[PDB]
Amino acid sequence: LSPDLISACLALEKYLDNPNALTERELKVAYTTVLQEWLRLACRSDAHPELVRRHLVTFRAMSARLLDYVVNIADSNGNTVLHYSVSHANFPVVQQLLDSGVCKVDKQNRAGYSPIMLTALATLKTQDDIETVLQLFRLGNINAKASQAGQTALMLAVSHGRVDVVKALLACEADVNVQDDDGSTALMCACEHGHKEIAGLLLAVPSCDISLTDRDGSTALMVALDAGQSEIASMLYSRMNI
């Protein structure tokens, strides 16, 4: 590892015990060194999971406080390695971070998104990706709302048409009946976008409430008809035993 990075970690270890142990400039230098040598390294789209693991082993050799601080370190955007790793769909790096045992999977960036919510933008490619995403979902609050529009991971995955993340969220019993700031549900979003497969997955959820209305007083059925989604309307009628 970078000798400057280890020295920065020793400075932060002292600071985390005692905030009068560093000057404010020494804190800024140590924090900046960790962002440059650790966060920018680990956050690359094809960052190597073994290089990340080697870093985590070294951090774990210092205080538990140091491991927690460095794994969860945020940049000026409030983004941690986990935020970037999930965004780039680097699931082997996500898995190494989860294996640290100190990951804060619900921590929101300044745009108001947790890593669980940013998984909603990812396209899963292998069973390995599914298994890592399921672990991330089992650890976090998959019903949390984003500060931007009060959207859940499930609504975001539906709006981005990420069927594999929708399946993973529903396998973890994501609440399908949450309403965003506009009173919109994941089902209404599936109807508006014409995501037929996703609508069918949502309607397969036993407690799916098709009676909910958004702030314009629209139900999922009204949104489906307005969007010219005849097939999704028929799935709603089948759900209703018509």
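Residue numbers run from 1 along the displayed sequence.
Set 120-128 against 105-113 and average the Cα temperature factors; 105-113 ends up higher. For the pair 140-148 and 155-163, the record assigns the higher mean C-alpha temperature factor to 140-148. In the deposited coordinates, the residue among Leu202, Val57, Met188, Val70 with the greatest CA B-factor is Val57.
Ranked within its chain, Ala8 lands in the lowest third, by CA B factor from the PDB record. Looking at the C-alpha B-factors along this chain, the one for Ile198 belongs to the lowest third. In the PDB entry, a CA B factor belonging to the lowest third of its chain's modelled residues is recorded for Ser218.
Among all modelled residues in this chain, the alpha-carbon of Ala224 has a temperature factor (C-alpha) in the lowest third. Looking at the C-alpha B-factors along this chain, the one for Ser184 belongs to the lowest third.
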